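One chain comes next, on its own, written as structure tokens: the form deposited in one PDB entry.
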């Protein structure tokens, strides 16, 4: 039931939707193919059976921004028109199941519990983006990066001896896109955290050596 997310990746997965694929439409996408083409009117929820999708918004002038990444058991909630132009691409071989409104009605008639899993996925999304707007309007770029590391550590960090490890590949490019901070700032902040023996951001994991100092710095 917990609908917090720290990064916009794998928002509240619903693995149980796999039990209802007969009620929807299976569609596959090779790496690089468009799951949602720019300008395409989507009126389906799109369940990712396995794979990976990058989901962006496109503005009227052609500029493009990351919204989120989605993996196995993720759900794209675009049942109705929203007024946003969306471009979603497969990052690897991807199988999806598309559920129209009518299809979903058959799902919920079979399994009431599915309604609430979907609410939990929408809610996780609203809480994520609503907080992010507010944080962007409150905290400077360096503080947003520190808050991100601190939060990630408290949500996903597992203590291995005298330290915490967060097992995820979080690229500097991805940090930039998620925080809306320019690359020199990202590199400099990450480089000082490593230098001062607080946190080392590696390719495959983040190691936090001093969580109280990271917290303390994030609060300045």
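Residue numbers count along the first chain shown, from 1. By rigid core we mean the largest C-alpha set that fits within 1.5 Å across both forms.
In what follows, reference is made to the form deposited in another entry, a form of this protein that is not presented.
With the core superposed, find the residue in 42, 193, 46, 53 that moves its CA 2 Å or more between this form and the one not shown.
Residue with a C-alpha shift of 2 Å or more: 193.
Core-aligned CA displacement of residue 108 at least 2 Å between this form and the one not shown
No, the C-alpha position differs by under 2 Å between this form and the one not shown.
Can we say the CA of residue 150 moves by at least 2 Å between this form and the one not shown when the core is superposed?
Residue 150 C-alpha, core-superposed: shift of 2 Å or more.
Is residue 208 among the residues whose Cα moves by 2 Å or more between this form and the one not shown after superposition of the rigid core?
Comparing the forms between this form and the one not shown, which are aligned on their rigid core, residue 208 does shift its C-alpha by 2 Å or more.
Might you say whether the CA atoms of residue 176 and residue 40 end up closer or farther apart in the other entry than in this form? Their distance differs by 3 Å or more.
It is farther: in the other entry, the C-alpha atoms of residue 176 and residue 40 lie at least 3 Å more apart than they do here.
Quick one: with a 3 Å or larger change, is the residue 185 to residue 69 CA distance smaller or larger in the other entry? Answer closer or farther.
Result: closer.
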